[PDB]
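The chain below stands alone and is given as structure tokens, in the form deposited in one PDB entry.
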């Protein structure tokens, strides 16, 4: 009976259009905060953050007060959308096609006029997602909230610290924090300033998944490329090993292509690693052609230059620790024996060329191994967060 009586009394002459202050000249203080429940998605290609949040707004309605003695037991009332004045706070940097994903719930008012409003929502927000250091990256995505049509002279927006006590951890992203800042900005539309409250979600990517699924795979497959410098040339499979690894790594680059944005602010760390690896595998194919060209050198073609004979067979090789009818019969048998001698000297020349190929193959093995290690270590450890990622995730 008292709840029915109070609801009838409170809506007498109430105008939801009217900002509920007693003195029309002063601004209404609105306290704004949020409660972050979940980070649902970090879409790097579209540059969008999806979160489950509960907005928190609280203010004082001058007209919605009563004396609890005259209504025993009725400490609070509730009003749905449209029957009560509410602040029109929107997320400025919204990426949602409706632009406002807020699910409108009740406003809870107590007997002194304090109004609480806690609409939930699945919010899509635009934030610059920097992939320069991917996958060892930290993202800072802003959520900028503010009254759309009330400037600082009418609505005095005030900030309170974000609530994370209900945050559900994300298996991919490690929540570092969510600080907030209250600013007052001027826009070209209007002489009046408009205040905003901006919360910056700082998140660290967890690198175990990409380490075991992207980085390590690539390292191992690059190592197989260097295996060509150990395969004997007579196997006749040197070129198949190298080009096969190359074809495999090309598909791998395109696999990373599906997850990275097509921006030009910087060459990402992962792009550099794949680049460096690809030229190394490609260069090994070039070297293999050179090695095969020696191993198959015609013994009756040009003559091994002195510069080759010295650099390879001596220096590099040492450094690598390698190292009447009787007369007619005599003319026929002598021709046979002489023919055997000529091929023997010819094949000796071929042995030198084959040995040169082996030396070049051993030389490039050492050089490519060093270069692969240096490029890999250098690129990965360039990231500021690489040491932290190893400690926390591995």
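In this text, rigid core is short for the largest set of C-alphas that superpose within 1.5 Å between two forms. Numbering follows the first chain given and starts at 1.
What comes next is about the form deposited in another entry, which does not appear here.
With the core held fixed by superposition, the comparison between the shown form and the other one singles out 189 as the only member of 189, 286, 230, 223 whose CA moves by at least 2 angstroms. Remark: with the core as the superposition reference, the CA shift of residue 352 between the shown form and the other one stays below 2 Å. Residue 60 shows a C-alpha shift below 2 Å between the shown form and the other one [criterion: core-superposed Cα displacement of 2 Å]. When two forms of a protein are overlaid on their rigid core, residues whose CA moves 2 Å or more are considered shifted, and residue 35 is not one of them between the shown form and the other one.
Annotation for the pair residue 261/residue 216: C-alpha atoms approach each other in the other entry, by 3 Å or more compared with this form.
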